[PDB]
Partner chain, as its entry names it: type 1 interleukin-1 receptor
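A lone chain, given as structure tokens: the form solved without the partner chain.
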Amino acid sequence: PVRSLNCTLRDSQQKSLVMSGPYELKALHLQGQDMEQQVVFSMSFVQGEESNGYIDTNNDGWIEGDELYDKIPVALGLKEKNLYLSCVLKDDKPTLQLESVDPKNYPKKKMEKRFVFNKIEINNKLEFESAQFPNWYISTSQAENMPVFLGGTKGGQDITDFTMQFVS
């Protein structure tokens, strides 16, 4: 049956993802004490192909282990909340929502596309691209305590890559 793992996520500026009420996630730097606030995700490996390869990011004409990319589809649930991140059109732009779901039926191998993210990993850094809306990515703001959102801009001020910590 469908493979899954539990994990926390931090954006590339070390902001942890936490619940900001039941209806959204927010990102902020957590002092070691409040680290317990981190939302635990349940990442399941859904239907679709895994790709891998190398891109020559340091431009030396060769490949190195830190240039090996992986691309694999996943769904992101919130451990024991029967909620899934999902991408939907709201007021005409791709939007990130937390969607409640029937525990009986989830998770499954064949996720509806709104739930599917292409997890792209290179040198232990992660992007989560929307399968429904390509070129849109799970993103955080530079500022503190702002919502996690779906953003179609890379390299600007918004953060679009993360690291993952595996949880027991």
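Residue numbers count along the first chain shown, from 1. Only residues modelled in both forms are compared. Rigid core: the largest C-alpha set superposing within 1.5 Å between the two forms.
There is another form of this protein, the form deposited with the partner chain bound, and it is not shown here; the text below is about that form.
Interface residues of 95-126, taken as those with a heavy atom within 4.5 Å of the partner chain in the bound PDB entry (partner not displayed): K108, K109, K110, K119, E121, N124, in sequence order.
Superposing the rigid core between this form and the one not shown leaves a single residue from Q37, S51, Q142, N135 with a C-alpha shift of at least 2 Å: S51.
Superposition of the core reveals a Cα shift of less than 2 Å for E112 between this form and the one not shown.
Core-superposed comparison between this form and the one not shown: CA of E99 displaced by less than 2 Å.
Segment displaced between this form and the one not shown is 48-52 alone (run of at least 3 consecutive residues, each Cα moved 2 Å or more after rigid core superposition).
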